[PDB]
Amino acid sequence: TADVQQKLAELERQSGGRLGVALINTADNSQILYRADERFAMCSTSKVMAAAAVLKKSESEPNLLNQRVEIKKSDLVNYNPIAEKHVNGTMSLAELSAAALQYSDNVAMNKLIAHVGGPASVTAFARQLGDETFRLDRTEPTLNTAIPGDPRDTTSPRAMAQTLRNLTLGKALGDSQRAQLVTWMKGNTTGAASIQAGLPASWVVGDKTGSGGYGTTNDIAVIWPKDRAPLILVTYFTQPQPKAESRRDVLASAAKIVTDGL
């Protein structure tokens, strides 16, 4: 609709920032796109690709997910809600994946990154899936600086929506691994104020949020609307001021705009 485009442009104008949206509606294989080829700092939405890389690795390495990883004081970073409870013990790669995806734990993300060989390995995994846009450059916490004009640790809404479709609804991962990713995302604890806040209460969502510098506020989701084919929605938002506050309401508003009528 021209109307949906006008509404997204009006939302962006009023928000004061830069908004990126990609909706894929699998009912009819249609898309709604807004700045969908521009780059945005992913922040913690990048944790989906890191967990998926570990899941892919596990397809050839049974018991990979049970492998123990030491958590040390030296591993702590700036947001460690789960890992701080396990200092001086180990967590399994499954537990680290769940902590990264469901609590957005940054130690957990760093362990996923390290396990697969670092940010360039996460990026190479994206390339193997056919995503030639995603780039993970840094580890936690520096990957969240979100400086305007900086391509590090960015992707586009179109690419992330297409890749998330592949990961959650398509065949990027084996059936067990795909189901595990979906189960983890459906159990996310951090997304109630973002895409979920713009959808009817009855709809089921698996999502991963991200927040960072420049008031960057993001969410990527697979959505099961009541009695409808699933949707994929990416909403990325960033602001001009280094210390801008988060704007999860902008993501909720974008979600409402693009799903009105469904």
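Start at 1 with the first residue shown and count on from there.
Across the two stretches, 121-129 and 79-87, the PDB entry reports the greater mean Cα temperature factor for 79-87.
Higher mean CA temperature factor, per the PDB entry, when comparing 217-225 with 61-69: 61-69.
Ranking 234, 42, 27, 54 by the C-alpha B-factor listed in the PDB entry places 27 at the top. For the set 194, 46, 31, 211, the PDB entry puts the maximum C-alpha B factor at 31. Residue 141: CA B factor lies in the middle third for its chain, per the PDB record. Looking at the C-alpha B-factors along this chain, the one for residue 157 belongs to the lowest third.
Ranked within its chain, residue 242 lands in the highest third, by CA B factor from the PDB record. In this PDB entry, the Cα temperature factor of residue 183 sits in the top third of its chain's modelled residues, the highest group. Among the modelled residues of its chain, residue 22 has a C-alpha B-factor that falls in the lowest third according to the deposited record.
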